[PDB]
Structure formats: structure tokens, C-alpha cells
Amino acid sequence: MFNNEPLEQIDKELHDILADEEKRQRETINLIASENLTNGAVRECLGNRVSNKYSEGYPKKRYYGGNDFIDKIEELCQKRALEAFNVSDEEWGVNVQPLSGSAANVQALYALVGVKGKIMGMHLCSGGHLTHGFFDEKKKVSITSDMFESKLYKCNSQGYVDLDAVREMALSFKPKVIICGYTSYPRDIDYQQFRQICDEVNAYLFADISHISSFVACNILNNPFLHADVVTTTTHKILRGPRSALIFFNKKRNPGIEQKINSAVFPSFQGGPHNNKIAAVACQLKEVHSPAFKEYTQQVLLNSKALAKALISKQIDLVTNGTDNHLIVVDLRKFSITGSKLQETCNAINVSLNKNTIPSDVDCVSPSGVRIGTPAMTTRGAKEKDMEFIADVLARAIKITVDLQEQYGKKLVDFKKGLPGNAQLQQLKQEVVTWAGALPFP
């Protein structure tokens, strides 16, 4: 007593939008630093009948029975995540139930410090996440500012983590956790120097490596596992898995953190886990360990180097003047256009990128840059040589944006009027569509 007709026939209205969405992804230069494209196997897991099953609790300690095949999957996902990040299951544990990045961070923070607890992280404007304590004078925007007591450290005028600022704040504020690892930070991190500050004031070290996860697993970038008490990561960005998250905790440095963190996820915050997610992560964690995937991650860095280098070659300014990872932030101040304008322009040509703040910006409205990343396009087969084109396309857009701002004026309402019925954008969109459209597409 159900309907087994295929999606096409049962809901034709929806199937059309999805086939459109499918086409727009195929036909887009995707420089969203946090996006990727999942393979069929990860998606077959996501659509598996395992999500039918309620499995509250943990493996071998479920409230309900019938969880024997579920337990094998959750155990196989946990092991593979400790294997993938080069940690012994004797020293490190992993929770695989957070439904996404923001949940895992709120969860892990609560575990360490509890309500009214004291935390530090990078300000949103300098490159931190909302879940790293973000507030404004008007309102506590994130639960991490309101259910904890948060204070925020900035990057210097050049865009680097300023450790002398972290120490000045840690000793006066005396927090219980300091968060590093970021959302738009183009360089590697000094986890050791962070440990020195945290050891000084009896604070926990929290590394959110969601943007750089693969770099950490593949030993290309610095390993926070040698220093951090807690490591969180999403599974959907550079790691190229489903939308989910992992919480890592160091047992040796902190006895009884295992209990604190597992009970924070359930039953403190979540109910039933989503087993199709857990299955899908297991599927990608296998691939994350293979030598094929090390090559891809190397390739993500080689594309990001090439891209920053080519953008500098066309006299485009980059925050910190370059990158140690998959991401770049462009300082657009010399062209007197906002980051929002270039986004609008880039969307008109099937270029996905996003607006992003720079050190000179005081407010989050009217951000002066854009963030770009290489994992998505790297996933679609682009090589070092294709980065010149992406650079040419973005230069062309910066220029088109300058022309249109002078014609229609400097107000976002007026600017957009310019975008439709501009012959250069249609010209540029087409070029984008032909090159992108034919790239390998999982």
C-alpha cells in the first residue's frame, strides 16, 4: 500500500527542476571554496534504505534492537575516519553522528565547557565561522555567542593570524577553549603556537579543519592532531563526501572526554542518527585513504597555486599575497567595486564564487573581496593550465563590472539593471558554458 512509480512520473513538477539544477552544475565554473561533487557511490548510499532505521545511542549500546548491520556500518565509518587522519584508536576517538558542521561545533563546544562557558575563535570578518562565537553589537547572531560567552580575535592588516593578539586576549579573557581552523583563511595554521597559549591559561585547543580536511589527512599541510584536544571537520567540502560531520577528541590528553562528547551529540542535542549519511561517509573515507585521492588533493593545491600566481600576473591583489591551500581571497579595492557586485556579475556568466570580507573592512555589509577555491573544478578534471583561463574569465568579469558600475552607478539596485541585456556577459557566459559543460562530471 504505497506508490512505487519512478520520480519522473510521481512528481514531474519536481523532476524538471532537479534536471535543471543538474544542468546548471554541469554548466558552471564553480569556485565556491566549500563545494564539491560527490560520486555515484556516495549518492547510492544517501538513497539507501538504511535511513529507515532508528538507531538512537551508539554501537553495541542502542536503545532498540535490530541494529546489527547498522552497528557494522557505524563502526566501519569510525575506524576509517581514524585511519584516514592517521590516529591510533587507542589515543583518539571519533563521533560520526553530527548531521552537519554547525551542529558538530555547537555540540563539541558544549561538551568541553557547557552553558555560560567561555570561548575564543576568529571573528567572522577575519575568516572564522559563525559557530566560532560570532556576534555583533545588535544581536548574538550564532548560538555560539549566546549559549556561551564568546570573545573574538582578528587577523592583522595583511590577513594573517596575529598570535600576539591571541595571547593578549587569552590571558585577560581566560577562556576554556580556543578555536582555530577557518572558513576563509588562505594560509596554513601554527597549531603548535596555539597549544602554547592554551597550555598557559588552562584552555582546550579546538581545530576546525573542514576547509582543509584532505590536506590534513594527506600530510600536505600541518597536522592539528599532534596538538589539539578536539578536531571537528565537515565531510562535504574538500573531502568530497556527503553533508555530515566528524568530531575527534584526544583521549590521552583528556581522560573522560569520550563520554562528554558522545553524550553531547546524543541525547543532549540530536535524536536518531541518519544512517544513510553514516554509510555515505564510510564510502568516501575508503576513497580518502587511497593513493588516487592523495593525487587529487595534491592537484587541488597545484591548481590553487597556479590560480593565485595567474591572478597576480594580471595585477589582481590577493589577501596575504597568496595561498597555502585550496583557497584565495581577492582584494578588489584597487578597482573600486564591491565583492557583492562581482558575485552578481559572476553569477550572470555561470561563475559561482562568493563575497568575502578583507582586513580593512570594518562591517560585514559591503565586503571588499571574493573567495575562490579549486576543489570543485579540480574534481571536474581541470589542471594547472586551465587556471589561466579561470583567471582570464575573472579578470574579464572584474572589468565588465567596472564598465557597468560607471554606466549604471554604484548602487546595487541600479547595477543589476545593467546585467541583463549586456552583450559581453552573454558572450562570456557562452565561453564558460562550453568549457565547463564538457568537463568530466560525476
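When you see a residue number, it is the position in the sequence shown, counting from 1. So that the term is clear: the rigid core is the largest set of C-alpha atoms that superpose within 1.5 Å between two forms.
- Remark: when the other structures in 7 other deposited structures of this protein are fitted onto this one via the rigid core, 358-366 deviates more than the alternative among 178-186 and 358-366, judged by RMS CA distance.
- If you average the C-alpha B-factors over 21-29 and over 418-426, the higher value belongs to 418-426.
- For the segment pair 63-71 and 370-378, the entry gives 63-71 the higher mean B-factor, averaged over Cα atoms.
- As recorded in the entry, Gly409 carries the highest CA temperature factor of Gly57, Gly40, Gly409, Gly47.
- The residue among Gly133, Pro267, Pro186, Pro359 whose C-alpha atom has the highest B-factor in the PDB entry is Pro359.
- Ranked within its chain, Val96 lands in the lowest third, by CA B factor from the PDB record.
- Per the deposited record, the Cα B-factor of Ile400 falls in the middle third when ranked against the other modelled residues of its chain.
- When the CA B factors of the chain's modelled residues are split into thirds, the value for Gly271 lands in the lowest one.
- Ranked against the other modelled residues of its chain, the C-alpha B-factor of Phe194 as given in the entry falls in the highest third.
- For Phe248, the recorded CA temperature factor ranks within the lowest third of the chain's modelled residues.
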